[PDB]
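Enquirer: Please find one structure pasted underneath; my questions will follow.
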Amino acid sequence: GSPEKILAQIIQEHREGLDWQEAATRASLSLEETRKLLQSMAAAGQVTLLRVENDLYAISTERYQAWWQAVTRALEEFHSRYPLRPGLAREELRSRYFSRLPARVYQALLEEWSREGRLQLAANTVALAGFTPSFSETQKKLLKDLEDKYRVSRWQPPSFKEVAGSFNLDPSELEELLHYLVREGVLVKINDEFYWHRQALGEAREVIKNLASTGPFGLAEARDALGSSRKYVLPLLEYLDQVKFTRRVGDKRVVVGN
Ligand SMILES: [Y+2]
Ligand SMILES: [Y+2]
C-alpha cells in the first residue's frame with residue numbers, strides 16, 4: 001500500500017519498537033521521508049517517538065502506555081517497601097523491568113516521563129513524581145525522636161556513632177533515616193559525622209552574622225560565640241564556607257551570604 005500504511009504495519013510488527021534506520025530500510029523509504037511520516041503519525045497520536053539523541057525510536061502508543069504501567073508497579077512496590085529511600089536505582093529499574101529495551105531507549109524513556117512530570121529523577125534513582133512516604137507508627141516515632149535529639153542538641157549535635165548507639169540502630173538503618181530527614185529539610189548534613197537540626201543551623205548562622213558584624217573572625221571566636229567545642233564548630237564553618245555563607249579571607253572569615 002502507501003508508505004504510511006507500510007510503515008504503520010512495520011511499527012506494529014515490532015513489540016519493543018524499532019529505531020529510525022530499521023524502519024526506513026524495511027519500508028524502502030529514505031531516512032528523510034521516514035522521519036516525515038513518523039513525525040506526522042506521532043502528531044496523530046498513533047505512534048510515540050522517543051528522541052534518542054539525534055536518532056529516533058518508534059513504538060506503538062499502546063506499548064508506550066504499557067511501559068508506563070510497568071514503572072508504576074515497580075515504583076509502587078519499591079516505595080511501599082522502602083519509604084525512607086528516595087527511589088529505585090536507575091539500573092535496577094532497568095534490568096528488572098526493561099531488559100528487553102536498548103539502554104539508550106530506556107534512558108530517553110525516563111527523560112520523557114520526567115519531562116511530563118511523572119517521575120522524580122535524582123542521582124541515579126527513579127521515583128514517582130507524587131511519591132508520598134507511608135510510614136508505620138513505629139517509623140513515625142523514630143523519625144520524631146530522631147529529630148528531637150538533634151533539635152535539643154542545638155549547636156552540639158550528637159555524632160553519627162553516638163546516635164547509632166543511643167537508639168541502638170545499625171549504620172545502614174540510621175543513615176537511611178537521617179538522609180530521609182535531610183530530604184524533608186529537618187536536618188542538614190555538615191559532614192559524614194555531623195548532622196544539624198535545620199532550625200539550629202539557622203540560629204547558628206545568625207550567631208555568626210552577629211560575630212562577623214564587627215570584623216573578620218577566627219575559629220576560637222566562633223567557638224565562644226556558639227558556646228560549642230571546636231569539634232562541632234570547625235566542621236560547621238567549613239560547611240558554611242561551602243554554601244558560601246562564610247568566606248575565608250586570610251586566616252579569618254567574613255560573612256558573604258544572607
Ligand atoms: Y534527550
Ligand atoms: Y595565613
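Going through the C-alpha cells in order, the chains are called A, B, and so on, while each chain numbers its residues from 1 and the ligands are numbered from 1 in the order shown.
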Near residue 188 (chain A), within 7 Å and counting only C-alpha atoms, which residues show up once chain neighbours fewer than 5 positions away are dropped, as a list in words?

Expert: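 Answer for this query is residues 182, 195, 196, 197 and 198 of chain A.
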
Enquirer: Got time to write the residues from that selection, N, CA and C atoms, as a compact mmCIF listing (two decimals), in the first residue's frame?

Expert:
# COMPACT_ATOMS: atom_id res chain seq x y z
N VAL A 182 17.06 14.63 55.98
CA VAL A 182 17.75 15.69 55.25
C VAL A 182 16.89 16.12 54.05
N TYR A 195 25.24 15.94 61.63
CA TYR A 195 24.02 16.48 61.03
C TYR A 195 23.52 17.52 62.04
N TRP A 196 22.91 18.59 61.55
CA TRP A 196 22.40 19.64 62.42
C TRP A 196 20.91 19.84 62.19
N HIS A 197 20.16 20.05 63.26
CA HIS A 197 18.74 20.32 63.11
C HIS A 197 18.74 21.60 62.28
N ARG A 198 17.97 21.62 61.20
CA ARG A 198 17.95 22.79 60.32
C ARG A 198 17.70 24.10 61.05

Enquirer: As a PyMOL selection string, please: every residue in region 157-239 of chain A that a backbone DSSP assignment puts in strand (DSSP E or B).

Expert: chain A and resi 159+187-189+194-197+217

Enquirer: Using N, CA, C and O atoms, can you export the residues from the last selection as a PDB file, in the first residue's frame?

Expert:
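After the write, selection.pdb holds the following:
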ATOM      1  N   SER A 159      27.139  12.789  67.390  1.00  0.00           N
ATOM      2  CA  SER A 159      27.740  12.271  66.156  1.00  0.00           C
ATOM      3  C   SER A 159      26.910  11.095  65.634  1.00  0.00           C
ATOM      4  O   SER A 159      26.000  10.622  66.311  1.00  0.00           O
ATOM      5  N   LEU A 187      16.891  18.070  58.855  1.00  0.00           N
ATOM      6  CA  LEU A 187      18.295  18.104  59.236  1.00  0.00           C
ATOM      7  C   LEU A 187      19.102  18.524  58.022  1.00  0.00           C
ATOM      8  O   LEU A 187      18.624  18.437  56.899  1.00  0.00           O
ATOM      9  N   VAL A 188      20.325  18.981  58.264  1.00  0.00           N
ATOM     10  CA  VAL A 188      21.241  19.386  57.203  1.00  0.00           C
ATOM     11  C   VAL A 188      22.537  18.668  57.552  1.00  0.00           C
ATOM     12  O   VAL A 188      22.941  18.652  58.717  1.00  0.00           O
ATOM     13  N   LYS A 189      23.180  18.067  56.552  1.00  0.00           N
ATOM     14  CA  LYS A 189      24.428  17.327  56.768  1.00  0.00           C
ATOM     15  C   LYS A 189      25.618  18.274  56.716  1.00  0.00           C
ATOM     16  O   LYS A 189      25.851  18.915  55.691  1.00  0.00           O
ATOM     17  N   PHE A 194      28.545  14.636  61.333  1.00  0.00           N
ATOM     18  CA  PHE A 194      27.578  15.538  61.944  1.00  0.00           C
ATOM     19  C   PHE A 194      26.454  16.105  61.106  1.00  0.00           C
ATOM     20  O   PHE A 194      26.679  16.694  60.044  1.00  0.00           O
ATOM     21  N   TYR A 195      25.242  15.942  61.631  1.00  0.00           N
ATOM     22  CA  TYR A 195      24.020  16.476  61.035  1.00  0.00           C
ATOM     23  C   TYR A 195      23.517  17.520  62.040  1.00  0.00           C
ATOM     24  O   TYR A 195      23.683  17.360  63.246  1.00  0.00           O
ATOM     25  N   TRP A 196      22.907  18.587  61.548  1.00  0.00           N
ATOM     26  CA  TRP A 196      22.401  19.636  62.417  1.00  0.00           C
ATOM     27  C   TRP A 196      20.911  19.840  62.190  1.00  0.00           C
ATOM     28  O   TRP A 196      20.448  19.795  61.056  1.00  0.00           O
ATOM     29  N   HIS A 197      20.160  20.049  63.264  1.00  0.00           N
ATOM     30  CA  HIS A 197      18.739  20.321  63.115  1.00  0.00           C
ATOM     31  C   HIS A 197      18.736  21.601  62.283  1.00  0.00           C
ATOM     32  O   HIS A 197      19.429  22.561  62.623  1.00  0.00           O
ATOM     33  N   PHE A 217      36.493  36.995  61.721  1.00  0.00           N
ATOM     34  CA  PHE A 217      36.625  36.221  62.954  1.00  0.00           C
ATOM     35  C   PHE A 217      37.365  34.933  62.712  1.00  0.00           C
ATOM     36  O   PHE A 217      37.356  34.400  61.590  1.00  0.00           O
TER      37      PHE A 217
END

Enquirer: Within 10 Å of ligand 2, which residues show up when you count only C-alpha atoms and all ligand atoms? List them as JSON, numbers by chain, please.

Expert: {"A": [249, 250, 251, 252]}

Enquirer: Limited to N, CA and C atoms, could you put the picked residues into a file as a tab-separated table (two decimals), in the first residue's frame?

Expert:
chain	number	residue	atom	x	y	z
A	249	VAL	N	39.12	34.74	54.48
A	249	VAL	CA	39.90	35.84	53.95
A	249	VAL	C	41.14	35.93	54.83
A	250	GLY	N	42.19	35.26	54.39
A	250	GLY	CA	43.42	35.25	55.16
A	250	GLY	C	43.33	34.10	56.14
A	251	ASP	N	43.39	34.41	57.43
A	251	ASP	CA	43.30	33.39	58.46
A	251	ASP	C	42.00	33.51	59.25
A	252	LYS	N	41.12	34.38	58.76
A	252	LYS	CA	39.84	34.59	59.41
A	252	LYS	C	38.72	34.43	58.40

Enquirer: I'd like the contact shell of region 15-20 of chain A - 7 Å cut-off, only C-alpha atoms, skipping same-chain residues fewer than 3 positions apart - returned as an mmCIF file with C-alpha atoms, in the first residue's frame.

Expert:
data_model
loop_
_atom_site.group_PDB
_atom_site.id
_atom_site.type_symbol
_atom_site.label_atom_id
_atom_site.label_comp_id
_atom_site.auth_asym_id
_atom_site.auth_seq_id
_atom_site.Cartn_x
_atom_site.Cartn_y
_atom_site.Cartn_z
ATOM 1 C CA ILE A 11 5.771 -0.397 13.659
ATOM 2 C CA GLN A 12 3.067 -2.828 14.790
ATOM 3 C CA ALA A 23 12.028 1.373 9.796
ATOM 4 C CA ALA A 24 13.275 3.261 6.757
ATOM 5 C CA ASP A 55 18.296 9.241 16.432
ATOM 6 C CA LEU A 56 14.576 8.313 16.558
ATOM 7 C CA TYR A 57 12.930 5.247 18.102
ATOM 8 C CA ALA A 58 9.324 4.395 17.244
ATOM 9 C CA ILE A 59 6.925 2.399 19.401
ATOM 10 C CA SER A 60 3.170 1.812 19.259
ATOM 11 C CA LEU A 101 14.776 -2.424 25.655
#

Enquirer: For chain A versus ligand 1, which residues have an atom no more than 7 Å away, and what is each residue's nearest atom pair and distance in Å rounded to one decimal, using only C-alpha atoms and all ligand atoms, chain-then-number order, as a Markdown table?

Expert:
| residue | atom | partner | partner_atom_place_in_ligand_line | distance |
| --- | --- | --- | --- | --- |
| A:51 | CA | ligand 1 | 1 (Y) | 6.2 |
| A:52 | CA | ligand 1 | 1 (Y) | 6.3 |
| A:53 | CA | ligand 1 | 1 (Y) | 5.9 |
| A:108 | CA | ligand 1 | 1 (Y) | 5.9 |
| A:111 | CA | ligand 1 | 1 (Y) | 6.4 |

Enquirer: Can I get the selection written as a short mmCIF file (atom, residue, chain, number, x, y, z; two decimals), in the first residue's frame, with N, CA, C and O atoms?

Expert:
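See part_8.cif below for the written result:
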data_model
loop_
_atom_site.label_atom_id
_atom_site.label_comp_id
_atom_site.auth_asym_id
_atom_site.auth_seq_id
_atom_site.Cartn_x
_atom_site.Cartn_y
_atom_site.Cartn_z
N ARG A 51 13.04 10.50 21.29
CA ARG A 51 14.18 11.18 20.69
C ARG A 51 15.44 10.70 21.39
O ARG A 51 15.81 11.23 22.44
N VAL A 52 16.09 9.69 20.83
CA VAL A 52 17.31 9.15 21.42
C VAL A 52 18.50 9.87 20.77
O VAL A 52 19.09 9.38 19.81
N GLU A 53 18.83 11.04 21.32
CA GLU A 53 19.93 11.85 20.78
C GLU A 53 19.44 12.42 19.45
O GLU A 53 18.39 13.06 19.39
N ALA A 108 15.98 7.57 27.32
CA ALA A 108 15.08 8.53 26.69
C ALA A 108 13.68 8.41 27.28
O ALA A 108 12.94 9.39 27.39
N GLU A 111 13.59 10.11 30.59
CA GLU A 111 13.64 11.54 30.33
C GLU A 111 12.27 12.11 30.02
O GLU A 111 11.87 13.12 30.60
#

Enquirer: Could you tell me which of A:216, A:165, A:235, A:45 comes closest to residue 248 (chain A) if we count only C-alpha atoms?

Expert: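 When distances to residue 248 (chain A) are compared using only C-alpha atoms, the smallest one comes from A:216.
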
Enquirer: Which is closer to residue 76 (chain A) than all the others in A:134, A:228, A:184, A:211, using only C-alpha atoms?

Expert: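 That would be A:134, the residue with the smallest distance to residue 76 (chain A).
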
Enquirer: Go through A:215, A:124, A:118, A:70 one by one, measure the shortest atom-to-atom distance of each to residue 91 (chain A) using only C-alpha atoms, and give the residue with the smallest value.

Expert: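 Distance minimum relative to residue 91 (chain A) lands on A:124.
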
Enquirer: From the list A:41, A:212, A:201, A:66, which residue is nearest residue 239 (chain A) when using only C-alpha atoms?

Expert: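 Closest candidate: A:201.
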
Enquirer: Rank nothing, just name the residue among A:81, A:14, A:67, A:7 nearest to residue 38 (chain A), using only C-alpha atoms.

Expert: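 Closest candidate: A:7.
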
Enquirer: Using only C-alpha atoms, which of A:146, A:84, A:8, A:207 sits nearest residue 47 (chain A)?

Expert: A:8

Enquirer: Please identify all polymer residues within 9 Å of residue 237 (chain A), counting only C-alpha atoms, omitting same-chain residues fewer than 4 positions from it, and present them as a ChimeraX atom specification.

Expert: /A:219,222,233,241-242,246,253

Enquirer: I need the chosen residues saved as a PDB file, in the first residue's frame, with C-alpha atoms.

Expert:
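To be explicit, this is the file written out as part_12.pdb:
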ATOM      1  CA  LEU A 219      37.718  29.705  64.840  1.00  0.00           C
ATOM      2  CA  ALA A 222      33.253  31.353  66.637  1.00  0.00           C
ATOM      3  CA  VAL A 233      32.368  24.364  65.106  1.00  0.00           C
ATOM      4  CA  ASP A 241      32.333  28.077  53.569  1.00  0.00           C
ATOM      5  CA  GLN A 242      30.992  25.548  51.084  1.00  0.00           C
ATOM      6  CA  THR A 246      31.030  32.481  55.126  1.00  0.00           C
ATOM      7  CA  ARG A 253      36.358  34.567  57.930  1.00  0.00           C
TER       8      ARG A 253
END

Enquirer: List the neighbours of residue 168 (chain A) out to 12 Å using only C-alpha atoms; skip same-chain residues closer than 6 positions along the sequence, and give me the result as a list in words.

Expert: residues 142, 146, 160, 161, 162 and 174 of chain A

Enquirer: Excluding residue 122 (chain A) and any residue of its chain fewer than 4 positions from it, enumerate the residues within 12 Å of it, using only C-alpha atoms, and give them as a list in words.

Expert: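 The neighbour list is residues 85, 86, 87, 88, 89, 90, 110, 111, 114, 126, 127, 128, 129 and 183 of chain A.
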